[PDB]
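Given next are the chains, with one letter for each unit.
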Amino acid sequence: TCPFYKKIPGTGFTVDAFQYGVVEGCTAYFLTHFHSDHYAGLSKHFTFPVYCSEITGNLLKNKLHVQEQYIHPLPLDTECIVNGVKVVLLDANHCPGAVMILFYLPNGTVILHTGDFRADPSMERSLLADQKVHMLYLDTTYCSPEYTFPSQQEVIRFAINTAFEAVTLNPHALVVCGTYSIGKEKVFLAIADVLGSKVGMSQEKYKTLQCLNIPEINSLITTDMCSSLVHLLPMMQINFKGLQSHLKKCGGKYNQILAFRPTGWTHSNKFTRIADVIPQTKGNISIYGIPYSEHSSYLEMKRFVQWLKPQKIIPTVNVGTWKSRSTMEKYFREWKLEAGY
Ligand code: NI
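Residues numbered from 1 in each chain as written, not as in the entry; some residues may be left out. Heavy atoms only, no water. Residues with missing side-chain atoms left out of burial classes, pairs and counts.

S.K.: Explain the coordination of the nickel ion here, please?
M.R.: Each pair of donors in an ideal octahedron of six around a metal sits at 90 or 180 degrees, and each pair in an ideal tetrahedron of four sits at 109.5 degrees. For the nickel ion, the full set of protein donor atoms is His33 (NE2), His35 (ND1), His94 (NE2) and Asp116 (OD), and the range of their distances to it is 2.2 to 2.3 Å. Taken together, the four donor atoms coordinating the nickel ion and their angles of 86 to 172° define a geometry best described as irregular. For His33, a relative accessible area of 0% corresponds to the buried category. (Donors = N, O, S within 2.8 Å, 3.2 Å for Na, K, Ca; no water. Tetrahedral: all angles 85-135°; square planar, octahedral: opposite > 155°, others 65-115°. Buried < 20%, exposed > 50% of the residue type's maximum accessible area, 1.4 Å probe, protein only.)

Dropping the structure here:
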């Protein structure tokens, strides 16, 4: 059964609610982004209207085989009427295709659902500038001050410099990058660009990337692993065993691996600056865990919410324990007293 924080009152709408069977009274199902925790349930057998971005719609069609007649892509930054209600989709600064949804309810209430997001000051000059929001359904993944991590630009600088240095010292090193979902593609695209190589991967991953409207993509990726000195592998193979196993396959072309494991936040952020990060090493294999986040840091979230000044906040992450829910409400009240709304 569909929880309350996935329903939009006064409409026939749900958001990210595909794993509960038929939702009583739902005439349109919104999907914020193509991550499995949110799409859980969709397939070729789905027969209700799905509203989403163009990129999400390409993924639904090609990866889940949802029939074309049930896919409803909307452009961003544009007022659209769906089942007699005005909506807008806004870029969430999460993974490719990810959106926030503004709903202009028939009774005059305005609701913003963030989906998954990485808050940014650029959002203060979207269509949000204009107006009041009565209810914010907020991605609270990192809603506590201990959650600190660098900018994406700093993390990419570190990865580019690390890989360019290694391969310049040893032209026979291979670079490997772990993946498990869409998102974080800049990690492997930036490294391949500094090395003058395409990125090699499986046919399944290549298909996924071909759905993302990335300009000049045919110039950047390939399924010919042997022609490539940046390889992608599933995230679970990014360990000393899995990497040794991979180096055997390459046929004595390479004599070293340098690997990257992009993560979310980890507790070594509480001590170590991005510059100071060191790898785990066994023999001719080195592995770097790098904190490339696509969710808001505490400070980013606080800034966005103190700017928006919503009337009420409904968290959509960390809602399962009394202690979590209690801690989040304390922070929402400080923010409100500090800023005066
Ligand atoms: Ni997500």
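S.K.: Sorry if this is basic, but what is going on with the domain arrangement of the protein chain here?
M.R.: Size of an interface: often given as the accessible area lost when the parts come together. In terms of domains, the protein chain is made up of domain 1 (1–147 + 296–341) and domain 2 (148–295). Taken together, the 25 residues of domain 1 in the interface contact 20 residues of domain 2. In terms of residue count, the dominant contributor to the side of domain 1 that touches domain 2 is helix α2 (residues 54–64) (six residues). Along the lines of polarity and charge, the residues of the side of domain 1 that touches domain 2 split into nine nonpolar, nine polar and seven charged. (Domains from an automatic or database assignment. Contact = heavy atoms within 4.5 Å. Helix = DSSP H or I, 4+ residues; strand = E, 2+ residues; numbered from the N terminus. Nonpolar A, V, L, I, M, F, W, Y, C, P; charged D, E, K, R; others polar.)

S.K.: Is there a simple way to think about the pairing of strand β7 (residues 85–91) in this case?
M.R.: For a regular strand, side-chain orientation follows a simple rule: the groups alternate between the two sheet faces. When you tally the buried positions in β7, you get five out of seven residues, the bulk of the element. Pairing analysis gives three bridges linking strand β6 (residues 80–82) to β7, with the strands arranged antiparallel. Pairing of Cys80 across the sheet is with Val87, part of β7. Hairpin geometry of β6 and β7 is characterised by an intervening segment of two residues between the two adjacent antiparallel strands and by a positive phi of about 45° at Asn83. Taken together, the six bridges between β7 and strand β8 (residues 99–104) define a ladder with antiparallel strand orientation. (Pairing = 2+ DSSP bridges.)

S.K.: Just to check I follow, could you spell out the environment of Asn239 for this structure?
M.R.: As for its position among the elements, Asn239 is in the loop between β14 (230–234) and α6 (240–249). The spatial distance from the C-alpha of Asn239 to the C-alpha of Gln280 is 9.6 Å, given a sequence separation of 41 residues.

S.K.: Explain the packing of aromatic side chains here, please?
M.R.: Where two aromatic rings form a pair, the distance of their centres and the angle of their planes describe that pair. Using the criterion set out here, one finds 21 aromatic pairs in the structure. For the pair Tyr147 and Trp265, a centre-to-centre distance of 4.9 Å together with 85° between the ring planes defines the contact as edge-to-face. Of this pair, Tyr147 sits in the loop between β10 (135–138) and α3 (152–169) while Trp265 is found in the loop between β15 (256–263) and β16 (280–282), placing the two residues 118 residues apart along the sequence. The class for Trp265 is partly exposed, based on a relative accessible area of 25%. Through a chain of ring-to-ring contacts, the aromatic side chains of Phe13, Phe30, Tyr51 and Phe103 assemble into a single cluster. If you follow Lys86 out to its NZ or CZ, it ends over the ring of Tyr104, 4.5 Å from the centre. (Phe/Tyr/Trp six-rings, centres within 6.5 Å; stacked < 30°, edge-to-face > 60°. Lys NZ or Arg CZ within 6 Å of the ring centre and 35° of its normal.)

S.K.: Is there a simple way to think about the packing of α3 against helix α4 (residues 185–195) in this case?
M.R.: Each pair of packed helices can be described by the angle between their axes along with the distance between the axes. Relative orientation of the contacting elements α3 and α4 amounts to 40°, with a least axis distance of 9 Å. The orientation of α3 relative to α4 falls into the category oblique. Judged by the sense of rotation from one axis to the other, the crossing of α3 with α4 is right-handed. Of the residues in α4, those in contact with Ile156, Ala159, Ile160, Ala163, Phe164 and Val167 of α3 are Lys186, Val187, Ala190, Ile191, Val194 and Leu195. Looking at the contact of α3 with α4 residue by residue, the class counts come to 11 nonpolar, no polar and one charged. (Axes fitted to C-alpha atoms, helices over the stretch in contact; angles between N-to-C directions. Parallel < 35°, antiparallel > 145°, perpendicular 65-115°, else oblique. Left-handed = near helix turned anticlockwise from the far one by under 90°.)

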